[PDB]
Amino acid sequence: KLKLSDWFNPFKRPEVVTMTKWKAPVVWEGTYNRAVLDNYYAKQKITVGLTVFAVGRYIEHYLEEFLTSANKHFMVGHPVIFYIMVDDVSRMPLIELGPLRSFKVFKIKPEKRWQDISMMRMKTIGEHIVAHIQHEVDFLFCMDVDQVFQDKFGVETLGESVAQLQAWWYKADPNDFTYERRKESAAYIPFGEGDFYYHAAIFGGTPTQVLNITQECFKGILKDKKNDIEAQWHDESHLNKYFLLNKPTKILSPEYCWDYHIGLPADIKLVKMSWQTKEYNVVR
């Protein structure tokens, strides 16, 4: 079957981290052979899912740009199902989809606090995995809507459990990571521990692993709320605690989720996806 050597060459990007101590690749531009994987996964006849939430002011502008860019760049060459969660379906925009792309739309009850809106994604994703997604796709990605694909986001990102390196912290010291540091929170990580700071804007895997990711994160969210404490960065704090305990089998470089407000160092060879401008006081 498939072995890492067949498609991944860490030595092509010697100036960055390309392998972990638990044998997972960190996928950087130039390290991967997409054609080998496109052919590998086509033989298997895979379908890839993508969930996205859009609640309130986020619903219209961001969603159109997300979906337009997604149809253009996400897993082209393979069937894809876009799962869209909205609070008012009538505001869902019309986006023409390319061959082998389709979508499903679901109405969700919007939460009061912007933080619960984000954290409740974990419960909702799990419910839909059990109800249908586990039967509809072989791999699943869950993404924030306030970002845009810029180049091919393809099958090189697929794996059992996939994590995203946060662009602002990928070369930082772990003691500087913004983990949750209070021992009272289920997301607690002490200083001196941690491998990477993962971004909650992108994670994925098989429906099985995504279910465990979202279920475990949601249990921690719940246990925290029952002790009147909310983690520093909400679901992202719990996600980082999860991936510390359950190592991801694949990690995506910051090229796959870049913030141009950082600049463009030589590390970032080809951006596949970029942040939208965070406007907490305007869109939120």
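Residues carry their position along the shown sequence, with the first being 1. If you superpose the two forms and keep the largest set of C-alpha atoms that fall within 1.5 Å, you have the rigid core.
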* Between 109-117 and 163-171, larger RMS Cα displacement in 6 other deposited structures of this protein after core fit -> 109-117
* Structure fact -> Top-deviation stretch by C-alpha RMS in 6 other deposited structures of this protein (rigid core reference), from 133-141, 118-126, is 118-126
* **96-104 set against 200-208, stretch whose average Cα temperature factor tops the other in the entry** => 96-104
* Taking the recorded C-alpha temperature factors, which stretch has the higher mean, 229-237 or 57-65? -> 57-65
* Structure fact -> Note to self: of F141, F153, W114, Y83, the C-alpha temperature factor tops out at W114
* Please pick out which of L158, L165, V130, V89 has the largest Cα B-factor as recorded in the entry. => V89
* **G192 - which third its CA temperature factor falls in, relative to the rest of the chain** => middle
* Going by the recorded CA B-factors, say which third of the chain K171 sits in, lowest, middle or highest. => highest
* Tell me, lowest, middle or highest third: where does the Cα B factor of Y256 rank within its chain? => lowest
* Structure fact -> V26: CA temperature factor from the record, placed by chain third, in the lowest
* Third of chain Cα B-factors occupied by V36 -> middle
